[PDB]
>>> print(open('protein-v8.txt').read())   # compact mmCIF, C-alpha atoms
# COMPACT_ATOMS: atom_id res chain seq x y z
CA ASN A 676 11.71 38.97 1.80
CA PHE A 677 9.09 39.87 4.41
CA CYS A 678 6.69 42.56 3.21
CA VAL A 679 6.65 44.21 6.65
CA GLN A 680 10.03 43.56 8.28
CA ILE A 681 11.56 45.93 10.84
CA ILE A 682 15.01 45.57 12.40
CA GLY A 683 15.61 48.71 14.46
CA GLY A 684 12.37 50.65 14.23
CA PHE A 685 13.75 53.76 15.95
CA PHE A 686 11.50 56.12 14.00
CA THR A 687 11.19 59.74 15.10
CA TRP A 688 9.39 62.86 13.91
CA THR A 689 12.00 65.33 15.17
CA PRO A 690 14.81 65.61 12.58
CA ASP A 691 17.47 65.20 15.30
CA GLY A 692 16.90 62.74 18.13
CA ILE A 693 13.85 62.31 20.37
CA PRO A 694 12.76 58.82 19.18
CA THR A 695 9.02 58.47 19.70
CA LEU A 696 9.38 54.70 19.15
CA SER A 697 12.23 52.21 19.10
CA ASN A 698 13.17 48.53 19.42
CA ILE A 699 10.59 47.43 16.84
CA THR A 700 11.14 43.87 15.58
CA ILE A 701 8.55 42.33 13.25
CA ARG A 702 8.68 40.17 10.13
CA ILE A 703 5.53 39.83 8.01
CA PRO A 704 6.08 37.76 4.83
CA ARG A 705 3.87 37.78 1.75
CA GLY A 706 0.27 36.62 1.98
CA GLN A 707 0.01 37.41 5.70
CA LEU A 708 -3.14 39.25 6.81
CA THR A 709 -1.75 40.94 9.94
CA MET A 710 -4.21 43.40 11.45
CA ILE A 711 -2.82 45.80 14.06
CA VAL A 712 -4.57 46.18 17.42
CA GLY A 713 -3.80 47.93 20.67
CA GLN A 714 -5.01 50.34 23.32
CA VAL A 715 -5.99 53.98 22.73
CA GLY A 716 -3.17 56.24 21.59
CA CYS A 717 -0.44 53.58 21.84
CA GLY A 718 1.51 54.86 18.84
CA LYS A 719 -0.60 52.89 16.36
CA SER A 720 -0.55 55.73 13.83
CA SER A 721 3.16 56.41 14.40
CA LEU A 722 4.02 52.75 13.84
CA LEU A 723 1.90 52.71 10.68
CA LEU A 724 3.60 55.84 9.34
CA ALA A 725 7.01 54.41 10.23
CA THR A 726 6.08 51.26 8.29
CA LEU A 727 5.24 53.38 5.24
CA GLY A 728 8.42 55.42 5.69
CA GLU A 729 7.06 58.82 6.73
CA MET A 730 9.01 58.86 10.02
CA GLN A 731 12.74 59.49 10.45
CA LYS A 732 14.35 56.28 11.69
CA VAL A 733 17.37 56.49 13.99
CA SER A 734 18.69 52.95 14.51
CA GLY A 735 18.79 52.23 10.79
CA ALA A 736 16.90 51.14 7.72
CA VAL A 737 14.33 48.40 8.31
CA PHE A 738 15.31 46.90 4.92
CA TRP A 739 12.83 46.08 2.15
CA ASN A 740 12.51 43.82 -0.88
CA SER A 741 10.14 43.43 -3.81
CA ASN A 742 6.92 41.68 -2.83
CA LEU A 743 6.87 39.43 -5.91
CA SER A 766 14.20 47.57 -3.70
CA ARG A 767 10.70 48.72 -2.73
CA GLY A 768 8.85 51.54 -0.99
CA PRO A 769 5.61 52.04 -2.95
CA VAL A 770 3.10 50.60 -0.46
CA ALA A 771 -0.62 51.34 -0.16
CA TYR A 772 -1.53 53.33 2.95
CA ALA A 773 -4.47 55.42 4.13
CA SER A 774 -3.70 56.44 7.74
CA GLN A 775 -6.34 58.23 9.82
CA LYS A 776 -9.08 60.64 8.67
CA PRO A 777 -10.82 60.46 5.26
CA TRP A 778 -8.88 62.04 2.39
CA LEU A 779 -11.58 62.93 -0.14
CA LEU A 780 -10.94 64.17 -3.67
CA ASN A 781 -13.11 67.23 -4.32
CA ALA A 782 -14.61 65.68 -7.46
CA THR A 783 -17.24 63.12 -8.45
CA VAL A 784 -17.68 60.15 -6.12
CA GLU A 785 -17.16 57.63 -8.93
CA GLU A 786 -13.82 59.19 -9.88
CA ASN A 787 -12.89 59.21 -6.19
CA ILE A 788 -13.48 55.45 -5.97
CA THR A 789 -11.40 54.65 -9.06
CA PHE A 790 -8.47 56.94 -8.11
CA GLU A 791 -6.46 56.63 -11.34
CA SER A 792 -7.34 52.95 -11.84
CA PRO A 793 -8.95 51.08 -14.74
CA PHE A 794 -12.75 50.95 -14.61
CA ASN A 795 -14.34 47.49 -14.62
CA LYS A 796 -18.11 47.23 -14.23
CA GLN A 797 -17.91 43.90 -12.41
CA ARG A 798 -15.08 45.12 -10.17
CA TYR A 799 -16.86 48.42 -9.48
CA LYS A 800 -20.11 46.60 -8.69
CA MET A 801 -18.24 44.14 -6.46
CA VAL A 802 -16.62 46.97 -4.48
CA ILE A 803 -19.81 49.04 -4.18
CA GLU A 804 -21.55 45.90 -2.92
CA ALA A 805 -18.84 45.33 -0.30
CA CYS A 806 -18.82 49.05 0.54
CA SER A 807 -22.65 49.08 0.53
CA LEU A 808 -22.55 52.48 -1.16
CA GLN A 809 -25.74 51.84 -3.15
CA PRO A 810 -27.95 53.80 -0.68
CA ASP A 811 -25.47 56.69 -0.72
CA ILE A 812 -25.53 57.02 -4.51
CA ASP A 813 -29.31 56.58 -4.77
CA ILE A 814 -30.02 59.15 -2.04
CA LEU A 815 -27.96 61.83 -3.77
CA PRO A 816 -29.93 63.44 -6.64
CA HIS A 817 -26.80 63.48 -8.83
CA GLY A 818 -25.72 60.00 -7.75
CA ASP A 819 -21.99 59.34 -7.56
CA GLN A 820 -21.28 62.44 -9.69
CA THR A 821 -21.65 64.81 -6.72
CA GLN A 822 -18.64 66.87 -5.68
CA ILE A 823 -17.69 64.80 -2.63
CA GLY A 824 -15.56 66.65 -0.09
CA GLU A 825 -14.78 70.34 0.20
CA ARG A 826 -16.45 72.87 -2.13
CA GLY A 827 -19.36 70.50 -2.70
CA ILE A 828 -21.88 68.25 -0.96
CA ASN A 829 -21.13 67.59 2.71
CA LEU A 830 -21.79 64.01 3.83
CA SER A 831 -21.48 62.01 7.04
CA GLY A 832 -18.10 61.18 8.54
CA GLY A 833 -18.83 57.46 8.41
CA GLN A 834 -19.81 57.68 4.75
CA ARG A 835 -16.56 59.54 4.06
CA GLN A 836 -14.57 56.71 5.65
CA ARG A 837 -16.44 54.08 3.61
CA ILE A 838 -15.49 55.86 0.38
CA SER A 839 -11.91 56.31 1.61
CA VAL A 840 -11.32 52.68 2.60
CA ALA A 841 -12.99 51.38 -0.58
CA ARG A 842 -10.69 53.61 -2.64
CA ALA A 843 -7.61 51.76 -1.39
CA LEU A 844 -9.24 48.34 -1.77
CA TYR A 845 -10.34 48.99 -5.37
CA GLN A 846 -6.70 49.66 -6.32
CA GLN A 847 -6.04 45.88 -6.24
CA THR A 848 -2.54 46.02 -4.76
CA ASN A 849 -0.45 43.31 -3.15
CA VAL A 850 -0.29 45.26 0.15
CA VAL A 851 -3.12 47.20 1.80
CA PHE A 852 -2.80 49.38 4.92
CA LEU A 853 -5.97 50.57 6.66
CA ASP A 854 -6.68 52.56 9.82
CA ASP A 855 -9.97 52.41 11.74
CA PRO A 856 -12.21 50.96 9.00
CA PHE A 857 -15.05 50.04 11.37
CA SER A 858 -14.23 52.54 14.14
CA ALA A 859 -15.49 55.48 12.08
CA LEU A 860 -18.84 53.76 11.41
CA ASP A 861 -19.87 50.75 13.51
CA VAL A 862 -22.98 49.87 11.48
CA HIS A 863 -23.31 46.09 11.43
CA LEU A 864 -24.83 45.94 7.94
CA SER A 865 -22.06 47.99 6.33
CA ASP A 866 -19.14 46.50 8.27
CA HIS A 867 -20.11 42.83 7.92
CA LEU A 868 -20.41 42.99 4.13
CA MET A 869 -17.17 44.98 3.98
CA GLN A 870 -15.56 42.44 6.32
CA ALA A 871 -16.83 39.60 4.13
CA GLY A 872 -15.65 41.41 1.00
CA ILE A 873 -12.24 42.18 2.48
CA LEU A 874 -11.48 38.60 3.52
CA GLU A 875 -12.73 37.08 0.26
CA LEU A 876 -10.88 39.59 -1.92
CA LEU A 877 -7.63 39.13 0.02
CA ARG A 878 -7.96 35.34 -0.10
CA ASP A 879 -8.47 35.30 -3.87
CA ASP A 880 -5.62 37.75 -4.51
CA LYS A 881 -3.32 36.19 -1.87
CA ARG A 882 -2.23 39.72 -0.93
CA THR A 883 -1.06 41.28 2.33
CA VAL A 884 -3.53 43.22 4.49
CA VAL A 885 -2.80 45.25 7.64
CA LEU A 886 -5.66 46.94 9.49
CA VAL A 887 -5.51 49.19 12.56
CA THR A 888 -8.84 49.22 14.38
CA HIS A 889 -10.53 48.80 17.75
CA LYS A 890 -13.33 46.59 16.38
CA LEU A 891 -13.71 43.41 18.44
CA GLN A 892 -16.05 41.77 15.90
CA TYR A 893 -13.07 40.26 14.05
CA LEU A 894 -10.31 40.94 16.59
CA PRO A 895 -9.48 37.21 16.91
CA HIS A 896 -8.74 35.39 13.68
CA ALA A 897 -6.67 32.50 12.35
CA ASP A 898 -4.57 35.07 10.50
CA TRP A 899 -1.63 36.85 12.10
CA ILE A 900 -2.34 39.56 14.68
CA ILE A 901 0.07 42.19 16.03
CA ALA A 902 -0.45 44.08 19.30
CA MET A 903 0.92 47.62 19.64
CA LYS A 904 1.35 49.33 23.00
CA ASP A 905 3.71 51.98 24.41
CA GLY A 906 5.31 52.48 21.00
CA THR A 907 6.35 48.85 20.56
CA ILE A 908 4.92 45.55 19.32
CA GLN A 909 5.04 42.44 21.51
CA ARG A 910 4.61 39.96 18.65
CA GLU A 911 3.02 39.55 15.20
CA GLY A 912 1.95 35.91 15.05
CA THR A 913 -0.94 33.49 15.44
CA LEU A 914 -3.98 34.08 17.65
CA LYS A 915 -2.66 31.41 20.04
CA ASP A 916 -0.33 34.09 21.43
CA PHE A 917 -3.40 35.70 23.01
CA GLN A 918 -3.88 32.51 25.03
CA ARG A 919 -0.12 32.46 25.59
CA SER A 920 -0.28 36.06 26.79
CA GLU A 921 -1.16 36.54 30.45
CA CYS A 922 -4.16 38.74 29.60
CA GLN A 923 -6.64 37.36 27.05
CA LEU A 924 -7.74 40.84 25.94
CA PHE A 925 -9.49 41.25 29.32
CA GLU A 926 -11.66 38.23 28.44
CA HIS A 927 -12.78 40.04 25.27
>>> encode(input="protein-v8.txt", output="structure tokens")
Amino acid sequence: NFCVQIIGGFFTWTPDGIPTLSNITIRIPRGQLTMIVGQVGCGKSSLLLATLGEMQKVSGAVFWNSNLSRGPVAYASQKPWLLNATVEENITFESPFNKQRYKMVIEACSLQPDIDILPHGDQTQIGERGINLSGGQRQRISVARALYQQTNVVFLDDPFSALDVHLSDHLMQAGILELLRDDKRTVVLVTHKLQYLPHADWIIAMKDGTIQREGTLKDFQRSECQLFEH
């Protein structure tokens, strides 16, 4: 059925009661790039965790089915999770190594300057107990790790918010759209970047722990407020 379909959506973090969000009703079928947008702190992370299944639902199970009966779904959430090992092994993350695929990802991630600058290249101990890098560079490695996995569903949180460099984001944005189009996979991104906020693909708005709709960009015109005129 729908890759991201929610019936009740009464997820909560407290084991007993106190629902932090409820009345969630979305249905995202396969091959539907549905980025998630909203205001600051409007339960975007909680909704993303509830979608993965890390939050205790109250109303009931949102139901799931095999993309092409489920539960293994790619997800990254907030903050960079870095493996304290070599950068190259961090990128692969228990995945087969293809030179063309690795070069394609590093081109989209624009990690060539990062590897060249480091004296040991991508063999440096990235993360704790090693070489300390920039926060934006940590996010670029983190987001590229999920993308390189080549899965049918990809969940991302603040890909461009951590680093708003036009050169890095645009190539990553171009790489993300092209890779998703070729693979016909599902992509969900939570970010505050207005560079690609409107798109022909589906968009879902999250506010006050609920989602108004997850549909075409024409709903923004249908909505009373057109994102405050961008």
>>> residues_around(input="protein-v8.txt", residues="residue 687 of chain A", least_positions_apart="5", cutoff="10 Å", atoms="only C-alpha atoms", output="list in words")
residues 692, 693, 694, 695, 696, 697, 721, 725, 729, 730, 731, 732 and 733 of chain A
>>> residues_near_point(input="protein-v8.txt", point="(-3.0, 58.2, 4.4)", cutoff="10 Å", atoms="all atoms listed in the file", output="PyMOL selection string")
chain A and resi 723-724+727+771-778+839+843+852-854
>>> atom_distance(input="protein-v8.txt", atom1="atom CA of residue 918 of chain A", atom2="atom CA of residue 898 of chain A")
14.8 Å
>>> atom_distance(input="protein-v8.txt", atom1="atom CA of residue 795 of chain A", atom2="atom CA of residue 871 of chain A")
20.5 Å
>>> closest_residue(input="protein-v8.txt", among="A:734, A:831, A:807, A:846", to="residue 791 of chain A", atoms="only C-alpha atoms")
A:846
>>> residues_near_point(input="protein-v8.txt", point="(-16.0, 42.7, 9.1)", cutoff="12 Å", atoms="only C-alpha atoms", output="count of residues only")
32
>>> closest_residue(input="protein-v8.txt", among="A:717, A:900, A:876, A:699", to="residue 736 of chain A", atoms="only C-alpha atoms")
A:699
>>> closest_residue(input="protein-v8.txt", among="A:915, A:728, A:814, A:826", to="residue 769 of chain A", atoms="only C-alpha atoms")
A:728
>>> closest_residue(input="protein-v8.txt", among="A:829, A:700, A:740, A:707", to="residue 851 of chain A", atoms="all atoms listed in the file")
A:707
>>> closest_residue(input="protein-v8.txt", among="A:782, A:913, A:830, A:726", to="residue 770 of chain A", atoms="only C-alpha atoms")
A:726
>>> atom_distance(input="protein-v8.txt", atom1="atom CA of residue 811 of chain A", atom2="atom CA of residue 720 of chain A")
28.9 Å
>>> closest_residue(input="protein-v8.txt", among="A:838, A:859, A:712, A:722", to="residue 819 of chain A", atoms="only C-alpha atoms")
A:838
>>> residues_around(input="protein-v8.txt", residues="segment 901-908 of chain A", least_positions_apart="2", cutoff="7 Å", atoms="all atoms listed in the file", output="list in words")
residues 696, 697, 698, 699, 709, 710, 711, 712, 713, 714, 717, 718, 719, 899, 910, 911 and 912 of chain A
>>> axis_aligned_box(input="protein-v8.txt", around="segment 770-776 of chain A", padding_each_side="3 Å", output="JSON")
{"center_x": -3.0, "center_y": 55.6, "center_z": 4.7, "size_x": 18.2, "size_y": 16.0, "size_z": 16.3}
